[PDB]
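The chain below stands alone and is given in structure tokens; this is the form deposited without the named molecule.
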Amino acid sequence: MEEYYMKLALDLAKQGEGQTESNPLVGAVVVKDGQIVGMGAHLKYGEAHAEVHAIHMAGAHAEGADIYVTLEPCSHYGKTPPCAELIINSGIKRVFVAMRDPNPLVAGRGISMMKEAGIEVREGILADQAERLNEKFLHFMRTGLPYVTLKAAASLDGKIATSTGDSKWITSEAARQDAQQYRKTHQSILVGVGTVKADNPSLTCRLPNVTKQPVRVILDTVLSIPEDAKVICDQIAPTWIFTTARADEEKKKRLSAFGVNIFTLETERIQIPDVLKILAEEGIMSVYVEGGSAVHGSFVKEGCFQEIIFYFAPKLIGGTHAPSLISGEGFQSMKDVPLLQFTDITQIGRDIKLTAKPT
């Protein structure tokens, strides 16, 4: 029954998905005498928290009630009093919290704050789900780096194109539509300039109700990207580029005029660790990296990914010179190759989608 309410809490949180920007999804339910008197979710960025909505709806009923929150109630004093304080003042006598704040400086602070007012606090109810709920945000807050998903499509023998660079019909429309879901769950989409030169993709989210568009991140060492590429001309989504000092100043000017934001790194080669750090500083908590065997090569090599999703088509492309899924340096001994764990196997249309994660 404690789970029944916490589950309601989790379902409520889900209604805010993609309306909170970088803020976590949170659900709150106020139960008084066995009756649901208030429900809340965090629906808009920089706007009221779930507890604020749930408490207000509860009105006088908050007095003596219990409240279930999927994430520890904030405890810092900003423009308005913190939710833990809001709870204290409303008269709630018991609080059920799924999980603690991910920040080490904050964790337990709200909890203790409320206990210190008489309120009884039980923790852990449906933690796993509370976890999956804000998985990207959670990882971002705990490490300070965006959650990275690498994705690629290949033939059954591991090729992403023939020896002539032909990749027409390697993935079915069904697989492409299924992959399109990640363009909605990540804040940015990333590829190397090679993908732009070969495929000239828009890299946009074209799903049903596609409101916001993710930031398009291109890795372009020498700034050799075609000035007429969709990513530079369609204005559909923000476009950011990472180059080095070898980039041409006049070209940067022309592109900035197109609204492209350019980040010039101080190294001679682009370091994925550098770009991930700069994206986090910009508030990008997630990256859908979908292209360039070499780009995928660096992320793997550096160990900078949390999820790897490969789509395999029932086809065999020959190839000594056909390009494989992951290129670059790679690991030399089977003893140094990290072990992943298949997290999922799904058939989409005639293709098979395999998803795996580290450790």
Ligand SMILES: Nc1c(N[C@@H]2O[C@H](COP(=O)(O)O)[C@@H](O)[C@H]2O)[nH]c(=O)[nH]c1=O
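Residues that one form lacks are left out of the comparison. Under this definition, the rigid core comprises the largest set of C-alpha atoms superposing within 1.5 Å between the forms. One-based numbering along the sequence shown.
Quick note: we don't show the form solved in complex with the named molecule, though the next part is all about it.
The contact with the named molecule in the deposited bound form, taken as any heavy atom within 4.5 Å, belongs to 78 out of 78, 118, 208, 259.
Checked against the named molecule in the deposited bound form, the candidates 23, 343, 346, 15 yield a single residue with a heavy atom inside 4.5 Å, and that residue is 23. In the deposited bound form, the named molecule sits within 4.5 Å of a heavy atom belonging to residue 101. By the criterion of a heavy atom within 4.5 Å, residue 137 is counted among the residues contacting the named molecule in the deposited bound form.
Taking non-hydrogen atoms only, residue 284 never approaches the named molecule to within 4.5 angstroms in the deposited bound form.
Interface membership of residue 62, defined by any non-hydrogen atom within 4.5 Å of the named molecule in the deposited bound form, is ruled out. Note on the interface: of 78-86, 251-259, 120-128, 91-99, the segment with non-hydrogen atoms within 4.5 angstroms of the named molecule in the deposited bound form is 78-86. Contact annotation for 34-61: residues with any non-hydrogen atom within 4.5 angstroms of the named molecule in the deposited bound form are 42, 49, 50, 51, listed in sequence order.
Only 81, out of 273, 238, 226, 81, shows a C-alpha shift of 2 Å or more between the shown form and the other one on alignment of the rigid core.
Core-based superposition between the shown form and the other one shows that the consecutive residues, three or more at a time, whose C-alphas shift by 2 angstroms or more lie in one run only, 77-81.
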